[PDB]
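All values below come from the heavy atoms of this structure, side chains included, with hydrogens, waters and symmetry mates left out. By convention here, the first residue in the shown sequence is residue 1. Both ligands and their constituent atoms are indexed starting at 1 by order of listing.
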Amino acid sequence: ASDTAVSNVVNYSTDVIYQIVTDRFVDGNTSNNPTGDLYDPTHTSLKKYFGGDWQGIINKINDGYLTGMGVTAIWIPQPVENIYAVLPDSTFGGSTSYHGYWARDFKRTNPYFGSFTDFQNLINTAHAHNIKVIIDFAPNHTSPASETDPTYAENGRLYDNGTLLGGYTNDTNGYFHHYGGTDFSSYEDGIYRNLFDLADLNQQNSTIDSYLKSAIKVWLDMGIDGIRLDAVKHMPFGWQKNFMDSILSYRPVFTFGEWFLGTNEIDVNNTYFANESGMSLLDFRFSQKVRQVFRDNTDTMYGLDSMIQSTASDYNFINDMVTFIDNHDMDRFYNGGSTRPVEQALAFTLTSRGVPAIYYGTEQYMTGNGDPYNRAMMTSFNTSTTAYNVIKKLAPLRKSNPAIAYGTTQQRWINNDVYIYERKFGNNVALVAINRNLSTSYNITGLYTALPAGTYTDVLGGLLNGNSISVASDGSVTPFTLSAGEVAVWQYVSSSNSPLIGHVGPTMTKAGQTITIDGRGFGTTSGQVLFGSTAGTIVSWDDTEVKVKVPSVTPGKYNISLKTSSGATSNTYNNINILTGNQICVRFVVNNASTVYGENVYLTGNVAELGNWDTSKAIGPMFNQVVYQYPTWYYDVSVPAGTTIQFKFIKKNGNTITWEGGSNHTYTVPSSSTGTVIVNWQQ
Ligand SMILES: [Ca+2]
Ligand SMILES: [Ca+2]
């Protein structure tokens, strides 16, 4: 199977995701609809169940609507059993779990969406049509709760395949956090306190850790192809790395988290998370900039290029960034007036780096500013809209042109309103020109490209007013006019390729596991895959995909390269993280660690998971507000099971790092359960 096959579920760079709000798409089976106050058959009371279900999605796969658009993946809300209570809402009358965000049993289905058999039907129907299926999973919380009023909602009660674990009131087991609600005043505050009134799960509780691992395996066993993890800024990094290892050790699938970033927001924790957690991220830097430039007129094409360059610098796995122009929370991109801006934002996203996702109804110009106005029932299945056809024409290019799926991005021409950029992967090229100005044309002179000499037709066929270009042997493009609102796409796909790696997944692995290397020019005869300079055992070999067993190298990060059977060597794909063993979440706690202003406590130790004594990569800054208070510090850390570790704490700020004196602390990590290790700072 090639890199582009539906069964390659660790690489989504060749795909286009269609994000469906299940309840609000198609009611394919009325018999599974809720009854009473939960359900609104009129589809107008925007926090009720409207009846959209998995059979409905199946219908639109079978009838060609989604495939006719070039959709190759769907992303659906959490499939798990949700609460049945109808909650008061002064604006919408009643408020329900239609959205899937309010889990009561992570091991069972939401019966309104369907049974496990319906879910199976969805997976199988999608696969029969070369569509991958991503599910939301929201292990941060169960549902709205009041500890003092257990009659409110379902008191956040959690079940384990029908068996009650417990609720938020009288939580004698400590399944939930009891630290009030977050005001988002710090990263720490947002992790250990409740989001709104949602009962915050305590993942450090060994029963809950084991439960959530068991629960995601239920869905992996149902044949899901990907996971979108909700609220990843609101759970410990260490717990989530541990959670990711459980998934990837069982059956690896592409996983991406939601870590919201606002306009112009800078957060090094977001970069770290994407680079270290073992999962990818929804690309808010991309999305917010696209909105600024194409929708809201608060930045220019210069800002768009700056985002392209900055994100590529910061993120180790730029091809895994999940891009989008709107979603279930943002104001819908189409806001009235000309539809050209949304068409342009779609074209940009579909031809840019990463993994594009399109929110249902974007192709029908649906409007709606704010949750839940942005979640109206799907309005139309008209296949003649300009937006539908932009997607139809551009989506398949991610499969047919490896420059689009995997290539670098280079600015070739720019002014405030015009961006001409080039995607390049070996001798494969895509050149895209966009003029956002809806009233002014631009004369394009001095343009150069890596496209071979020749004349190139617009892949869009003039749908967005594109036209042909002529390219000379020196790469110079004959002057041309970019008309108002024009988008044009020109491409060259080479008939041959030197070995080129476009993607490796998963990025967090260990000895004996299998990783997938995708690209071009590997040849059909088996060669060699190198982890640094150490060969791995070949599982399978094809021109666009090699599967290889991870060798027993010293745990840490490795740069992957490939050598063909003739001896040709590929580029390196960097920073594949080889763990020491299966992961466990351990809470590290240090008492009596006093610091000066601007100084924080960090953890360092003698395994890769603790940075192998590298103070510049020490774990932290540690926390000291919620679970324990300064000068006690704590942090939840993913560490190798059953391993006897040595560690110390350090204090750093910018002047001179202070280490604990004395001998190293030592601790043997549990074999399967979460653990806590508490020590006193050593002078
Ligand atoms: Ca239904
Ligand atoms: Ca939390």
Side-chain angles (χ1 to χ4, degrees), residues 20-36 38-43 48-60 76-77 79 82 96-103 109-115 117-119 121-122 137-145 156 158 168 171 174-205 208-209 212 229-240 242-243 257-260 269 273 377-378 585 587 623 625-627 634-636 674:
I20 297 174
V21 175
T22 297
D23 184 67
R24 306 295 169 87
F25 195 63
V26 176
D27 183 3
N29 185 279
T30 62
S31 78
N32 71 20
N33 290 351
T35 58
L38 274 169
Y39 172 62
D40 175 21
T42 76
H43 304 167
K48 301 304 191 70
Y49 278 84
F50 286 3
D53 54 34
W54 298 326
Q55 184 60 53
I57 300 170
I58 289 165
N59 288 351
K60 303 316 294 178
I76 60 170
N82 265 223
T96 74
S97 64
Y98 80 91
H99 44 67
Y101 204 57
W102 298 343
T109 67
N110 185 337
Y112 304 130
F113 295 165
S115 64
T117 301
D118 293 313
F119 191 83
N121 292 344
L122 176 58
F137 201 71
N140 182 66
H141 54 260
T142 50
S143 59
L158 177 62
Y168 200 57
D171 177 26
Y175 293 148
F176 303 94
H177 293 132
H178 302 270
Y179 297 117
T182 186
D183 48 25
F184 312 93
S185 55
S186 70
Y187 183 36
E188 176 177 2
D189 196 273
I191 290 163
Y192 294 92
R193 306 194 196 272
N194 300 337
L195 290 180
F196 315 108
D197 62 357
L198 301 166
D200 208 53
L201 282 163
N202 178 10
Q203 299 89 9
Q204 194 58 30
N205 176 289
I208 300 303
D209 176 70
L212 293 171
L229 280 169
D230 170 68
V232 304
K233 186 179 184 185
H234 301 289
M235 294 173 286
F237 169 90
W239 181 78
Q240 294 179 84
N242 145 79
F243 185 61
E258 183 174 46
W259 182 306
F260 179 86
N269 290 319
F273 193 96
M377 204 77 189
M378 180 61 161
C585 192
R587 175 165 295 159
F623 286 171
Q625 302 175 324
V626 185
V627 182
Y634 70 102
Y635 222 59
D636 300 344
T674 57

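- Side-chain polar atoms of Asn242 and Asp209 form a donor-acceptor pair below 3.5 angstrom.
- Legend: residues meeting salt bridge (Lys or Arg N to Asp or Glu O under 4.0 Å) with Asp118, ordered by chain and number and at least two apart, are absent.
- Sorted by chain and number, the protein atoms of type N, O or S within less than 3.0 Å of the Ca ion (ligand 2) are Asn140 OD1, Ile191 O, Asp200 OD1, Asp200 OD2, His234 O.
- Side-chain atoms of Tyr179 and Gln625 form no donor-acceptor pair, as typed in the model, at a separation below 3.5 Å.
- Under the 3.5 Å distance criterion, with hydrogens and angles disregarded, a donor-acceptor pair is assigned to the side chains of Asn33 and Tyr39.
- The aromatic rings of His43 and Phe50 lie parallel to each other, their planes meeting at an angle below 30°, with 60° marking the opposite boundary.
- Using cut-offs of 30° and 60° on the angle between ring planes, the pair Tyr112 and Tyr49 is perpendicular.
- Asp200 is linked by a side-chain contact (heavy atoms from CB on, under 4.5 Å) to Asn140, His177, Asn194, counting only residues two or more places apart in sequence or in another chain.
- Protein N/O/S atoms found under 3.0 Å from the Ca ion (ligand 1), listed by chain and residue number: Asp27 OD1, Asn29 O, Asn32 OD1, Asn33 OD1, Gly51 O, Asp53 OD2.
- In this pair, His178 and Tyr168 present their aromatic rings parallel. The plane angle is below 30°, not in the 30 to 60° band.
- Side chain of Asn202 to backbone of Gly174: a donor-acceptor contact under 3.5 angstrom is found.
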